[PDB]
Amino acid sequence: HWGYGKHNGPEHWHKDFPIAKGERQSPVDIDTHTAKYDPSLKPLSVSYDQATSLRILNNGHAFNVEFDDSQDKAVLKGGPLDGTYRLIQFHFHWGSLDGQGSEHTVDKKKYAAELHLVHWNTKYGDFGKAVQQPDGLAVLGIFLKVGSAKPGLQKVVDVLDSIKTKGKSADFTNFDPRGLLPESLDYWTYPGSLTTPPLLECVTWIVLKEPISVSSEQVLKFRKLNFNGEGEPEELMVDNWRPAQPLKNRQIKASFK
Ligand SMILES: N#Cc1cccc(-n2cc(-c3ccc(S(N)(=O)=O)s3)nn2)c1
Ligand SMILES: [Zn+2]
């Protein structure tokens, strides 16, 4: 089906998902000199104190840590958003080498990986409805660079060997996503899309300026994951990122100067 290889990767997605060539696709390069500071932007509110994680899943494209979103336990508000967006899952995109991996780029710089905290607009009632709306999702994007270890990531790294292959899951309760955030919440924002099929144009992207540092040992363990199912030939889960797409008729706004 779709994936990230030569024969089914991003340059092929458009044949099944014509919106791949649409007017508001993600990711994009963030040109920091042309992004405009917007005083209209209220401060971001990340309220993850009551977050309830449940499970971690290898879905054959990435791994997802899933949250209980049956009530407003972990939400994103403020910044460019109106209303309340509920955390449903986070996941990452990463490279085969430390010079690549992120989806968004900053003045053409690629980071080693990129974290996506995925939230849906509660006025649409459920995720599947929210994705059919231009303001249905808000994804908080955070770059990772390789340096010192991120203590708050290590519980995730340590469960990966239990979900090596596609379709494997493990219990993942009592995980605190506040441990993945950098100190600053300064951000860029723009309207865009899911960066995987079905590439729906339903996302308010909020990308943090400050990356988090992770260790080489941490990132290496992401790279031991498998795209394949158990008992199939091993294909390492690496380079599961989509490259930057045309900005078209969009302006990236900055919360800071
Ligand atoms: N409920 C539900 C449900 C069922 C199937 C899939 C999903 N679901 C899909 C996604 C996403 C696909 C791409 C992204 S991305 N890389 O953040 O733009 S998030 N996030 N949750 C959610
Ligand atoms: Zn993603």
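In this chain, residues are counted from 1 in sequence order. When a ligand or atom number is given, it counts from 1 through the structure's own listing order. Note that these values count all heavy atoms, side chains included, but never hydrogens, waters or copies made by symmetry.
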Say whether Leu76 and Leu180 are linked into one hydrophobic cluster, either directly or through other cluster members, by side-chain heavy-atom distances under 4.5 angstrom.
yes
Take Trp241 and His104 through the ring pair (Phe, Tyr, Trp, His ring centres under 6.0 Å) test and state the conclusion after the steps.
CA-CA 9 Å; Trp241 51 278; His104 292 89; over 10 Å; no
Option passing side-chain hydrogen bond (donor to acceptor under 3.5 Å, both in side chains) with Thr195 (candidates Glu103, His116, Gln245)
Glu103
Contacts table for ligand 1: protein N or O within a distance under 3.5 Å of ligand N or O, distances only.
unit_1   : atom_1 : unit_2 : atom_2 : d
ligand 1 : 16 (N) : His91  : NE2    : 3.3
ligand 1 : 16 (N) : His93  : NE2    : 3.4
ligand 1 : 16 (N) : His116 : ND1    : 3.4
ligand 1 : 16 (N) : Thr195 : OG1    : 2.9
ligand 1 : 18 (O) : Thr195 : N      : 3.0
ligand 1 : 20 (N) : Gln89  : NE2    : 3.0

The atom of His116 among N, O or S that is nearest the Zn ion (ligand 2) is ND1
Quick one: the NE2 of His93, the Zn ion (ligand 2), NE2 of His91 angle, rounded to 10°, please.
110°
Pairs of donor and acceptor atoms involving the side chains of residues 138-147, under 3.5 Å and at least two apart or interchain, shall be tabulated with distances.
none

Kindly say whether the aromatic ring centers of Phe256 and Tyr187 come within a distance under 6.0 Å.
no
Can you label the angle between the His7 ring and the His12 ring as parallel, tilted or perpendicular, going by 30° and 60°?
tilted
Exactly one of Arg24, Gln25, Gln133 should register a side-chain hydrogen bond (donor to acceptor under 3.5 Å, both in side chains) with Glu201. Which one does?
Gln25
